[PDB]
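Trainee: Below is one structure. I have some questions about it.
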Amino acid sequence: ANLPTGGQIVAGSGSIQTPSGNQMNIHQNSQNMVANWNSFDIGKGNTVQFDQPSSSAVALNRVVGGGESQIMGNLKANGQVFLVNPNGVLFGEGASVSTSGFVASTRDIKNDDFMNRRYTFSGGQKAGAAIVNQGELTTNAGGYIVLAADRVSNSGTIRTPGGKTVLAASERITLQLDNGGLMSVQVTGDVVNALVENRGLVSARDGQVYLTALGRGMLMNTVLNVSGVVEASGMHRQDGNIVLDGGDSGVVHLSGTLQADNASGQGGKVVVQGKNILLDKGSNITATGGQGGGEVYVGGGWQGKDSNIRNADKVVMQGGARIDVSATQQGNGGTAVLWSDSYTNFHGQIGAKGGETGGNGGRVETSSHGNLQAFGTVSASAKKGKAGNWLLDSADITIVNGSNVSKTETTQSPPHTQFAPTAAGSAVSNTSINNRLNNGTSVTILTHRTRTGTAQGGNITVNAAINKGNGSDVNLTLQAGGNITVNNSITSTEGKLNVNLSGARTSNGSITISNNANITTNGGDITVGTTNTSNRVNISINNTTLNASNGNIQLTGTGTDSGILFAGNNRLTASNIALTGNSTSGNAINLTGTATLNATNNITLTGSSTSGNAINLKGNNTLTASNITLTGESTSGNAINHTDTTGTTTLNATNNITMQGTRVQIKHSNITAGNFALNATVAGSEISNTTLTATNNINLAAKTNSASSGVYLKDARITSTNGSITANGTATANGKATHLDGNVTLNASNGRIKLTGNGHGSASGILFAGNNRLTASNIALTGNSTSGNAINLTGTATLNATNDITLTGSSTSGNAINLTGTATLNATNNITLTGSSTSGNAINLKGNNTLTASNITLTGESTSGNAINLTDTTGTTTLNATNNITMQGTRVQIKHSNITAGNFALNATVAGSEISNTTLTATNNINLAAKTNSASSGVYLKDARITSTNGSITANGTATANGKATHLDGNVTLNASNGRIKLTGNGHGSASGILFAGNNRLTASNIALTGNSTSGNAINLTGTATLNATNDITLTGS
Amino acid sequence: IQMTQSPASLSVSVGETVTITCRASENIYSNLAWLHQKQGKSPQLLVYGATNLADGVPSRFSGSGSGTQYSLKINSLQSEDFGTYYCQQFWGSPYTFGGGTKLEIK
Amino acid sequence: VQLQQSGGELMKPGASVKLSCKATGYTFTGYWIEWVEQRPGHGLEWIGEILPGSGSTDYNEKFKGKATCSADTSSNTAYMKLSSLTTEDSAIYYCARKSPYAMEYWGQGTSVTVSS
Ligand SMILES: *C1O[C@H](CO)[C@@H](O)[C@H](O)[C@H]1O
Ligand SMILES: *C1O[C@H](CO)[C@@H](O)[C@H](O)[C@H]1O
Ligand SMILES: *[C@@H]1O[C@H](CO)[C@@H](O)[C@H](O)[C@H]1O
Ligand SMILES: *[C@@H]1O[C@H](CO)[C@@H](O)[C@H](O)[C@H]1O
Ligand SMILES: *[C@@H]1O[C@H](CO)[C@@H](O)[C@H](O)[C@H]1O
Ligand SMILES: *[C@@H]1O[C@H](CO)[C@@H](O)[C@H](O)[C@H]1O
Ligand SMILES: *[C@@H]1O[C@H](CO)[C@@H](O)[C@H](O)[C@H]1O
Ligand SMILES: *[C@@H]1O[C@H](CO)[C@@H](O)[C@H](O)[C@H]1O
Ligand SMILES: *[C@@H]1O[C@H](CO)[C@@H](O)[C@H](O)[C@H]1O
Ligand SMILES: *[C@@H]1O[C@H](CO)[C@@H](O)[C@H](O)[C@H]1O
Ligand SMILES: *[C@@H]1O[C@H](CO)[C@@H](O)[C@H](O)[C@H]1O
Ligand SMILES: *[C@@H]1O[C@H](CO)[C@@H](O)[C@H](O)[C@H]1O
Ligand SMILES: *[C@@H]1O[C@H](CO)[C@@H](O)[C@H](O)[C@H]1O
Ligand SMILES: *[C@@H]1O[C@H](CO)[C@@H](O)[C@H](O)[C@H]1O
Ligand SMILES: *[C@@H]1O[C@H](CO)[C@@H](O)[C@H](O)[C@H]1O
Ligand SMILES: *[C@@H]1O[C@H](CO)[C@@H](O)[C@H](O)[C@H]1O
Ligand SMILES: *[C@@H]1O[C@H](CO)[C@@H](O)[C@H](O)[C@H]1O
Ligand SMILES: *[C@@H]1O[C@H](CO)[C@@H](O)[C@H](O)[C@H]1O
Ligand SMILES: *[C@@H]1O[C@H](CO)[C@@H](O)[C@H](O)[C@H]1O
Ligand SMILES: *[C@@H]1O[C@H](CO)[C@@H](O)[C@H](O)[C@H]1O
Ligand SMILES: *[C@@H]1O[C@H](CO)[C@@H](O)[C@H](O)[C@H]1O
Ligand SMILES: *[C@@H]1O[C@H](CO)[C@@H](O)[C@H](O)[C@H]1O
Ligand SMILES: *[C@@H]1O[C@H](CO)[C@@H](O)[C@H](O)[C@H]1O
Ligand SMILES: *[C@@H]1O[C@H](CO)[C@@H](O)[C@H](O)[C@H]1O
Ligand SMILES: *[C@@H]1O[C@H](CO)[C@@H](O)[C@H](O)[C@H]1O
Ligand SMILES: *[C@@H]1O[C@H](CO)[C@@H](O)[C@H](O)[C@H]1O
Ligand SMILES: *[C@@H]1O[C@H](CO)[C@@H](O)[C@H](O)[C@H]1O
Ligand SMILES: *[C@@H]1O[C@H](CO)[C@@H](O)[C@H](O)[C@H]1O
Ligand SMILES: *[C@@H]1O[C@H](CO)[C@@H](O)[C@H](O)[C@H]1O
Ligand SMILES: *[C@@H]1O[C@H](CO)[C@@H](O)[C@H](O)[C@H]1O
Ligand SMILES: *[C@@H]1O[C@H](CO)[C@@H](O)[C@H](O)[C@H]1O
Ligand SMILES: *[C@@H]1O[C@H](CO)[C@@H](O)[C@H](O)[C@H]1O
Ligand SMILES: *[C@@H]1O[C@H](CO)[C@@H](O)[C@H](O)[C@H]1O
Ligand SMILES: *[C@@H]1O[C@H](CO)[C@@H](O)[C@H](O)[C@H]1O
Ligand SMILES: *[C@@H]1O[C@H](CO)[C@@H](O)[C@H](O)[C@H]1O
Ligand SMILES: *[C@@H]1O[C@H](CO)[C@@H](O)[C@H](O)[C@H]1O
Ligand SMILES: *[C@@H]1O[C@H](CO)[C@@H](O)[C@H](O)[C@H]1O
Ligand SMILES: *[C@@H]1O[C@H](CO)[C@@H](O)[C@H](O)[C@H]1O
Ligand SMILES: *[C@@H]1O[C@H](CO)[C@@H](O)[C@H](O)[C@H]1O
């Protein structure tokens, strides 16, 4: 037998006895005792038994000579034992230590610190000393085992149920104890060739295991090597159930099975940290549990932001390595993180599954601030709950086809060559992503620009196709720090794939979906913008199809030369298509190629450009939707537009099209809408070379604050099948409120045509130039002006109304109604012309104007000019009414006209009326009434041909000043063979009554001349006159 | 803890997906492994921890189950998949085994 | 990782045997080597477990006393002794490396036949 020898008690109190060669008994009296030994050896079959007053009592055995402590037999105590040997300690096979706590250390402790319960172990070791545990070291529940040495090796089994196991290589280790247990351990100080190796079984169920190795050198040598089994099952301790700490040097190599599972509760937390962490082929860090998973951190916390975990410089996880934080029955998946600052090599399998009977999938991060190689397998699916997320995070990510990337792991790979990267760029296998989408795991890819001077920028480049042929609905998000160049398609043949190709919150790059890289979601959404963050990320799409199926499409971006630029032959199919963007110099939305946008419900185009256009559609853009809305703003340019000398813009909205902006210039367009409407707010609107047909009402509103016209229609065909066409132009400068030119046809046979033009100053209201053909049930023209004219028809126009035609307006200095060109106003029922002027005329008909109707009504007022003026020496005015014609105003002058009427009557109230060089034939009466308050004549006829086929001719002139009440001159013929001719002339002062000059032939059944005068002649016959009557001729007056 | 599995023997077609079930006499917290013993060979591990497959096992095998009721689903069964499958629990000391199930060619 | 086993044996009733299962390609002391009996009509039954490093063992209650497990860590091989073998103890005995989850890499098994 071989028991310790040379024992001497140096502090505290207790006796040493050896009752048998095979049994030693150390009896402790004090709470803390320290004894020195010449050698502390225990032979096979021998026992050293401590007898301490309590489980909290501590016996220190300091070896002061001999060699290493050969412990081969059984060592037992009811309290804590601290063994210190500067020559290291060896526990052989079959040895057993059972105490209330046990510490083995090659570092010495001072008697003053031990006796005063200050358990600090530092220095004094022999170089190369090691503690090797080949036996079974156990404690009572709540105890602890600490092995402190330059080299620590565990080949046997260590058990500290409910307590702590600490294996550490450092210059100083401080143990903070309280009431019999271990509260904390402070491990500090690098040593030369530090190594902590675990080959056997370490178990601390419901406790903690700490493995710490602090090396001074070991550039690429192993400092922490775990090849056996570490068990720390139980509750989720927030400080970590298993903690591996490789220090600030060397490589940590784990080949055994870290575990912290909880069969009935939540899984625990396993933290593996060090400079270089290598997970070998058979490793399986597992932190699972019954009611939900735990957490596994390798090299860092989530995204490296957890301040309590040292970030690794390199993490390599070889193929075959498995990390599982999945839930096993019911509960959410846990968190797994692979983090490195320089290089992450991920080829293994990480699970974070939800429970089979409930719970959501967990989250797995595989990332590196530097070079991330993500080729392995991640599974964070759920059987009943939500899909989990696989997060990738690296400087610049490139997606490649397959795994054939000359990876290094087990073939042609000498130990530790895996930490020398050659695969520049964060290559990601497309197979892994596709496998994640098919297995119910979402994928989120992030990048981030590094310091100025490097190449990596966050440019996510897709060089391999992504597809989702199977599995439940998952999301795919690619949020780059730099560019989102997509060179391959992203498709889905099953489930919903939600694609989010957003930019980083502060990104300043571009998103390009180049070379036939069509995106199809099979019902998921396509988002290539942000939402509300003002992230100046532009979108450039070339020859790409975006097919959302029954999902939504939303594109946003802001740039300088373009916001969202489309080129090539693009196609967009969705339930909702929303394109929003911004620019400063160029076009916010710029569609230059051929594009088909086919929405089931709505299409919305929104944008803003300070100096350019908001929405610019020049290529062959075809937009089909239930509702199409085009809205935008521009200060110096256009809001909307469809201009292009070769392209045609086709819009098809089954319910309504509404367009808004500062200026909308529609053109070479073909627009079909239910209720079509425009609202231009700053520089008017223009419809040129287009065809616009609507089932229901068309409402075109525009305001112009500059030289351009408000509602400008050129070569446009506007039709309303069952509704009305209403235009409302406003001009605040000198442009025209409403302006028609070219070949324009307006058809509202089932509705109304209402054109409004409100101008200001010299601006005119509604101008009709060229050739304007308007057909409707009801036609109405309304307008206002100040110095210009309100309604001015100068070209050729045809108006065909199935009921009435109404022309109304007001012009302060111009004419209210002005017809100087050639026109045929044809109405089935009534034509009414009403307006007002101050200096100009109310109605001025100058060109060849034919008005045909059942009833024609002409009315207006002019303060200084004429009320009704039908005069020109070149043109002829033709009127054709079936029923009554009434002409009422301050002054009515009719010259060079041919009027056919049922009844006809004049009512002049201020300056009388004149008919000259005209033919007027009525079936019934021609009652001409006129009052004059000036020197002008009341009723004056010059070279007039007036005939009543079946009626009478009546005139009643009044002269309140000194003008002629009634006056005839020229060649006048009055024919009333079926009636009476009655002329009344009531003058005042020096004025005469009825004056007959020239040659006046009056033919009637009865003729009567009645009048009154004061100083003048009541009847004054100065020329030639013949009065032919079949019965009586009466001449009376005073 | 007793383990029962069934069917004891299944006559299946090549290319058919089949299910083998296993029931524990006590609640086993997912610590159920499945072994595959090809005729003439020692049993090999296919799925460990109820659902996690062992490396080298084709994706056609899928484990499932919880509580006391577990099963193994074999998609598009191939010729190499015939033989005897076993379930075993590590939640009890006797790491008991089921009686085994055999797949034979129909 | 490989777990080769000794070959079969023919024994007379009442004899004891000590079998063999070489462990290679992994840390021998870090995994448990479990011995399982396979018999026709019975399938597989667990026999016992040894942790070669510390020498800790665990046995099926029906096999206590009859079987003893041990290991030689220096030689990286696992031994099992079966006492007082009878006719009803003929079986194929497998050794396997067991990690916390699943007795992986089973060996080929030793056929132990007991007859007069
Ligand atoms: C319409 O208005 C213009 C000028 O505003 C005038 O030139 C045309 O004579 C009138 O028809
Ligand atoms: C004048 O108007 C009538 C009916 O009012 C029509 O019949 C003639 O053709 C037109 O000249
Ligand atoms: C500990 O680390 C060494 C590196 O030398 C490796 O060979 C052993 O496999 C592992 O246990
Ligand atoms: C974890 O355990 C499984 C099952 O024994 C093994 O196949 C893996 O290689 C290991 O990481
Ligand atoms: C995801 O699903 C695929 C099927 O394509 C399978 O091969 C992978 O093993 C699983 O992760
Ligand atoms: C991404 O691409 C830009 C050019 O678009 C390059 O300048 C950066 O270095 C890269 O990260
Ligand atoms: C992505 O990978 C492809 C290979 O298809 C290469 O051509 C591109 O240069 C890179 O971006
Ligand atoms: C990307 O990976 C897929 C596998 O889904 C392959 O089909 C494509 O050829 C490659 O680009
Ligand atoms: C996946 O996508 C959906 C919408 O489709 C969103 O609600 C979830 O938050 C995201 O994970
Ligand atoms: C995105 O692209 C820009 C150029 O448009 C480049 O400067 C950046 O480096 C990249 O991320
Ligand atoms: C995107 O990647 C492709 C390879 O598919 C390369 O050819 C193009 O130059 C780049 O835009
Ligand atoms: C892309 O997805 C993110 C969430 O990751 C959301 O915030 C953005 O609105 C969407 O574009
Ligand atoms: C996106 O915007 C950038 C500059 O902001 C421009 O270079 C690219 O051409 C456009 O796609
Ligand atoms: C995606 O769609 C494009 C057309 O934009 C086609 O050319 C590619 O072949 C397909 O992948
Ligand atoms: C886009 O995908 C949808 C799926 O519904 C299909 O109907 C369209 O034909 C394709 O363009
Ligand atoms: C669309 O495809 C053409 C060739 O067909 C190419 O010239 C354009 O650059 C791309 O947008
Ligand atoms: C377009 O957007 C609307 C929201 O108004 C949504 O209801 C439709 O489902 C989508 O297509
Ligand atoms: C709109 O985009 C086109 C590209 O075709 C460019 O030529 C124009 O300068 C920009 O406004
Ligand atoms: C279409 O757009 C309208 C607004 O005009 C919205 O109310 C509906 O929800 C969308 O479908
Ligand atoms: C960004 O985009 C929005 C949506 O059109 C616009 O209103 C803001 O003016 C522009 O900055
Ligand atoms: C739209 O179509 C026209 C003629 O079909 C072609 O000239 C343009 O190039 C295209 O955008
Ligand atoms: C969009 O279209 C739908 C049906 O087509 C209608 O319900 C909404 O009012 C309109 O905005
Ligand atoms: C508008 O779109 C429809 C599709 O329903 C088409 O029938 C019409 O020809 C087009 O004007
Ligand atoms: C689109 O606009 C029209 C205007 O009449 C309205 O009727 C529809 O309900 C709206 O969707
Ligand atoms: C015009 O607007 C109406 C609502 O008044 C809508 O029902 C029709 O579909 C559209 O044409
Ligand atoms: C034009 O748009 C405005 C809103 O800015 C609305 O008030 C008017 O009714 C429409 O004409
Ligand atoms: C309409 O088209 C004509 C040619 O017919 C062109 O001269 C005008 O500029 C455009 O508005
Ligand atoms: C008048 O004629 C032009 C030229 O043929 C045509 O483009 C317009 O549509 C029509 O109004
Ligand atoms: C059309 O717009 C004018 C303003 O110019 C307003 O007065 C009318 O009420 C509206 O119909
Ligand atoms: C306009 O015309 C309609 C018949 O379409 C009539 O009902 C209204 O009285 C008239 O103003
Ligand atoms: C022109 O001005 C008149 C007032 O005389 C107003 O009633 C009309 O609405 C406007 O067009
Ligand atoms: C009214 O019409 C005259 C010609 O008579 C034209 O000169 C004026 O400009 C317009 O207001
Ligand atoms: C046009 O105006 C007249 C005057 O009262 C009326 O009688 C007709 O019915 C209306 O159409
Ligand atoms: C004007 O003409 C209409 C035609 O119906 C007649 O009803 C009115 O009596 C007349 O004033
Ligand atoms: C009526 O219109 C003519 C133009 O022909 C003008 O000369 C007269 O002064 C006005 O009364
Ligand atoms: C015109 O006015 C007369 C009465 O003067 C009436 O009888 C006719 O019906 C109307 O057309
Ligand atoms: C003219 O006015 C008379 C009544 O004087 C009426 O009978 C005729 O119908 C209308 O043309
Ligand atoms: C002439 O007009 C006046 C209104 O001033 C009306 O009172 C008379 O009845 C009509 O003859
Ligand atoms: C003048 O005479 C007419 C009849 O011609 C009468 O209607 C007016 O009332 C009277 O002033």
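For neighbour counting, all protein chains shown are included, and Cβ atoms are generated from backbone atoms with ideal geometry for every residue, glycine included. Nothing in this text is a laboratory measurement; each read-out follows from the coordinates by a stated rule.
Trainee: In this structure, is A:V711 under 20 Å from A:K667 (Cβ atoms), away from ligand 10 (no atom under 16 Å from the Cβ) and under 34 Å from the mean Cα position of the chain (by Cα)?
Mentor: yes
Trainee: A further question follows. Have a look at A:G282, A:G319 and point out the one that is within 14 Å of chain B (Cβ to nearest Cβ), part of a loop (DSSP other than H, G, I, E, B) and touching a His at 6+ places or on another chain (Cβ under 8 Å).
Mentor: On inspection, the qualifying residue turns out to be A:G319.
Trainee: Let me ask something additional. Which condition from (1) within 16 Å of ligand 38 (Cβ to nearest atom); (2) closer than 15 Å to A:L793 by Cβ is the one that A:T834 breaks?
Mentor: For A:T834, the failing item is (2).
Trainee: Testing A:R536 on (1) more than 16 Å from ligand 16 (Cβ to nearest atom); (2) in a strand (DSSP E or B), one condition comes back false. Which one is that?
Mentor: A:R536 satisfies all of (1) more than 16 Å from ligand 16 (Cβ to nearest atom); (2) in a strand (DSSP E or B) except (2).
Trainee: Any residue that is within 22 Å of A:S534 (Cβ to Cβ), of a type in the set (D, E, K, R) and away from ligand 12 (no atom under 16 Å from the Cβ) - is there at least one of those in region A:620-634?
Mentor: Yes, some residue in region A:620-634 is within 22 Å of A:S534 (Cβ to Cβ), of a type in the set (D, E, K, R) and away from ligand 12 (no atom under 16 Å from the Cβ).
Trainee: Among the numbered criteria (1) surrounded by 24 or more Cβ atoms within 10 Å (Cβ to Cβ); (2) in a strand (DSSP E or B), which single criterion is violated by A:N800?
Mentor: A:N800 satisfies all of (1) surrounded by 24 or more Cβ atoms within 10 Å (Cβ to Cβ); (2) in a strand (DSSP E or B) except (1).
Matching residues to (1) among the β-branched types (V, I, T); (2) more than 14 Å from every other protein chain (Cβ to nearest Cβ); (3) surrounded by 22 or more Cβ atoms within 10 Å (Cβ to Cβ); (4) outside any strand (DSSP E or B):
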position: A:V152; (1), (2), (3), (4): yes, yes, yes, no
position: A:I158; (1), (2), (3), (4): yes, no, yes, no
position: A:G162; (1), (2), (3), (4): no, yes, no, yes
position: A:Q186; (1), (2), (3), (4): no, yes, no, no
position: A:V196; (1), (2), (3), (4): yes, yes, yes, no
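Trainee: So which strands (runs of 3 or more DSSP E) stay within region A:872-921 end to end and still have 3 or more residues that are more than 16 Å from ligand 32 (Cβ to nearest atom)?
Mentor: Of the strands (runs of 3 or more DSSP E) lying wholly inside region A:872-921, those with at least 3 residues that are more than 16 Å from ligand 32 (Cβ to nearest atom) span A:877-881, A:885-889, A:897-901, A:904-908, A:913-916.
Trainee: Now, a different point. Is one or more of the residues making up region A:125-139 away from every other protein chain (no Cβ under 14 Å), over 58 Å from the mean Cα position of the chain (by Cα) and closer than 20 Å to A:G101 by Cβ? Give the derivation first.
Mentor: Quick first cut of region A:125-139, residues away from every other protein chain (no Cβ under 14 Å) only: A:125-131, A:139.
Still in the list and also over 58 Å from the mean Cα position of the chain (by Cα): A:125-131, A:139.
Imposing the further condition that a residue be closer than 20 Å to A:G101 by Cβ reduces the set to A:131, A:139.
Yes; the residues of region A:125-139 include at least one that is away from every other protein chain (no Cβ under 14 Å), over 58 Å from the mean Cα position of the chain (by Cα) and closer than 20 Å to A:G101 by Cβ.
Trainee: For region A:488-510, indicate whether the set of residues that are away from ligand 25 (no atom under 16 Å from the Cβ), more than 20 Å from A:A548 (Cβ to Cβ), assigned to a strand (DSSP E or B) and of a type in the set (S, T, Y) is non-empty.
Mentor: yes
Trainee: Which of the residues that make up region A:50-89 are among the hydroxyl-bearing types (S, T, Y) and touching an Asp or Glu at 6+ places or on another chain (Cβ under 9 Å)?
Mentor: A:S69, the sole residue that qualifies.
Trainee: Restricting to region C:48-57, give me the number of residues that are more than 12 Å from chain A (Cβ to nearest Cβ) and either buried (at least 24 other Cβ atoms within 10 Å of the Cβ) or under 30 Å from A:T410 (Cα atoms) (or both).
Mentor: Of the residues in that region, 0 qualify.
Trainee: Just to verify a result, which residue in region B:18-55, among those that are surrounded by fewer than 13 Cβ atoms within 10 Å (Cβ to Cβ) and more than 11 Å from chain C (Cβ to nearest Cβ), is nearest to A:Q330 (Cα to Cα)?
Mentor: B:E26
Trainee: If you check A:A548 against the conditions, is it over 23 Å from A:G661 (Cβ atoms), hydrophobic (A, V, I, L, M, F, W, C) and surrounded by 22 or more Cβ atoms within 10 Å (Cβ to Cβ)? Break it down stepwise before answering.
Mentor: Working: over 23 Å from A:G661 (Cβ atoms): yes; hydrophobic (A, V, I, L, M, F, W, C): yes; surrounded by 22 or more Cβ atoms within 10 Å (Cβ to Cβ): yes.
When the stated conditions are applied, A:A548 passes them.
Trainee: Now, a different point. Is it true that C:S54 is polar (S, T, N, Q), over 25 Å from B:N31 (Cα atoms), out of contact with any helix residue (DSSP H, G or I) (no Cβ under 6 Å at 6 or more places or on another chain) and not in a strand (DSSP E or B)?
Mentor: No.
Trainee: Do you know which of the residues in region C:1-18 that are closer than 30 Å to A:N198 by Cα and surrounded by fewer than 21 Cβ atoms within 10 Å (Cβ to Cβ) is nearest to the other protein chains (Cβ to nearest Cβ)?
Mentor: If we take residues in region C:1-18 being closer than 30 Å to A:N198 by Cα and surrounded by fewer than 21 Cβ atoms within 10 Å (Cβ to Cβ), then C:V1 is nearest to the other protein chains (Cβ to nearest Cβ).
Trainee: Regarding region C:32-45, can at least one residue be identified that is within 14 Å of chain A (Cβ to nearest Cβ) and either in a loop (DSSP other than H, G, I, E, B) or over 22 Å from B:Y95 (Cβ atoms) (or both)?
Mentor: No; the residues of region C:32-45 include none that is within 14 Å of chain A (Cβ to nearest Cβ) and either in a loop (DSSP other than H, G, I, E, B) or over 22 Å from B:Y95 (Cβ atoms) (or both).
Trainee: Which residues, taken from region B:56-82, are at the interface with another protein chain (Cβ under 8 Å from one of its Cβ atoms) and either touching a residue at least 60 places away in the same chain (Cβ under 8 Å) or surrounded by 18 or more Cβ atoms within 10 Å (Cβ to Cβ) (or both)?
Mentor: Hits for region B:56-82 are B:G65, B:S66.
Trainee: Let me ask something else about it. Quick one: which residue in A:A567, A:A578 is more than 16 Å from ligand 19 (Cβ to nearest atom), hydrophobic (A, V, I, L, M, F, W, C) and either under 14 Å from the mean Cα position of the chain (by Cα) or surrounded by fewer than 22 Cβ atoms within 10 Å (Cβ to Cβ) (or both)?
Mentor: Just a single option satisfies the conditions, and that option is A:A567.
Trainee: Another one. Identify all residues within region A:999-1012 that are free of Cβ contacts under 8 Å to residues at least 40 places away in the same chain and of a type in the set (G, A, S); write none if there are none.
Mentor: Matches in region A:999-1012: A:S1005, A:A1008.
Trainee: Still on this structure, I have one more. Here's a check for you: in region C:58-74, which residue that is within 14 Å of chain A (Cβ to nearest Cβ) and under 12 Å from the mean Cα position of the chain (by Cα) is surrounded by the most Cβ atoms within 10 Å (Cβ to Cβ)?
Mentor: Out of the qualifying residues, it is C:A71.
Trainee: Counting only residues that are farther than 24 Å from A:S854 by Cα and either in contact (Cβ under 8 Å) with a residue 24 or more places away in the chain or within 14 Å of another protein chain (Cβ to nearest Cβ) (or both), which one in region A:871-891 is nearest to ligand 18 (Cβ to nearest atom)?
Mentor: A:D872
Trainee: Can you name the number of the only condition in (1) more than 28 Å from B:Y29 (Cα to Cα); (2) within 11 Å of chain B (Cβ to nearest Cβ) that A:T328 fails?
Mentor: (1)
Trainee: Let me ask you something else. I'd like to check something: does region A:928-948 contain any residue that is farther than 28 Å from A:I843 by Cβ, more than 16 Å from ligand 17 (Cβ to nearest atom) and in a loop (DSSP other than H, G, I, E, B)?
Mentor: No, because not a single residue in region A:928-948 is farther than 28 Å from A:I843 by Cβ, more than 16 Å from ligand 17 (Cβ to nearest atom) and in a loop (DSSP other than H, G, I, E, B).
Trainee: Could you figure out which of (1) over 25 Å from A:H347 (Cβ atoms); (2) within 14 Å of chain C (Cβ to nearest Cβ); (3) surrounded by 22 or more Cβ atoms within 10 Å (Cβ to Cβ) isn't true of A:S203?
Mentor: Just one mismatch for A:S203, condition (3).
Trainee: Suppose we keep only residues that are in contact (Cβ under 8 Å) with a residue 40 or more places away in the chain and of a type in the set (F, W, Y) within region B:83-101. Which one would you say is farthest from the other protein chains (Cβ to nearest Cβ)?
Mentor: B:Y85
Trainee: With a cut-off of at least 2 residues that are within 24 Å of A:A1 (Cα to Cα), name the strands (runs of 3 or more DSSP E) lying wholly within region A:23-136.
Mentor: On the way: elements: A:23-28, A:32-37, A:47-51, A:58-63, A:69-71, A:74-76, A:80-84, A:89-91, A:96-99, A:101-105, A:119-122, A:130-133.
Correct list: A:23-28, A:32-37, A:47-51, A:58-63, A:69-71, A:74-76, A:80-84, A:89-91, A:96-99, A:101-105, A:130-133.
Trainee: Scan A:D261, A:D280 and give me the residue that is within 18 Å of A:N225 (Cβ to Cβ), more than 38 Å from the chain's Cα centre (by Cα), of a type outside the set (V, I, T) and away from ligand 2 (no atom under 16 Å from the Cβ).
Mentor: Just a single option satisfies the conditions, and that option is A:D280.
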